[PDB]
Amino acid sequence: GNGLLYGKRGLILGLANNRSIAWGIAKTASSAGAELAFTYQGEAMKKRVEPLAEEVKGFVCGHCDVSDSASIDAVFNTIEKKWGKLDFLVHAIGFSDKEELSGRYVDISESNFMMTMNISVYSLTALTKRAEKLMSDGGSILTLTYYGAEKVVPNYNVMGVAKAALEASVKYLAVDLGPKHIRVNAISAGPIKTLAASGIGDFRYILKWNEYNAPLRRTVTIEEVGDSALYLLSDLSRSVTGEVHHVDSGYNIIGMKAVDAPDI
């Protein structure tokens, strides 16, 4: 191991299965030395999270639905009693109504708008606020975003609006926690075939488009994103805060399909 998180203790929310971006981050951080606490969303997720948590010599700290303030408080109560401190926090939580991830953005329902904003955006602020006084000087908070916050990606619709709000909240949070040297950053990941991302209409097309048009000519993996997360969670990135870090084979820099790019 590289020892980059030796003796560090961190909390990961959003582990769903062994395809989760959160699982890539967990494997990498654990190999780097971190002891990891995991939450789970509802009893079903629990049976899948438990053997994964055992595999990284971490542990399951409890149920957390981020719309449930009491479940947030309980999780951080557990951490406080068990560790008395928290070195880093990974926010890998996102939700939007899969039915409305298609057609036109203008046709979304209000309930989908409110639910998407609350689960995908406010939850990072709620978690950071509850975590602030537990967090060590020099700590690191990490969330995940997508290029659809910057440019219009079809079928991503209200989630793009939500991710633009998430990236802005990262900057405001970074200013709030900066004097405590707690950094707040986001990885803008390229598309990866996960449970939640499968709900996007025509996701197969989006993957191939990235494979054909991204500079590196391939899509990224949870292990690659995990290594980039390790950098932002470790002291290697101690002067980096408020940053949207693209881990996407360079896709975000292209302004047009290559004329000789193959047709999908």
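Start at 1 and count along the sequence shown; that's the residue number.
- Of the two segments, 132-140 and 119-127, the one listed with the higher mean B-factor is 132-140 (C-alpha atoms only).
- Taking only CA atoms, the mean B-factor in the PDB entry is higher for 38-46 than for the other of 38-46 and 23-31.
- Across the options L233, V220, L216, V66, the residue with the most elevated CA B-factor in the record is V66.
- Looking only at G103, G148, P191, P179, the residue with the top Cα B factor in the deposited structure is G103.
- Per-chain ranking of the deposited C-alpha B factor places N157 in the middle third.
- Placement of the Cα temperature factor of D73 within the chain: highest third of the modelled residues, per the deposited record.
- Sorting the modelled residues of the chain by their CA temperature factor places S198 in the highest third.
- Among all modelled residues in its chain, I79 ranks in the highest third by Cα B-factor.
- Looking at the C-alpha B-factors along this chain, the one for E167 belongs to the lowest third.
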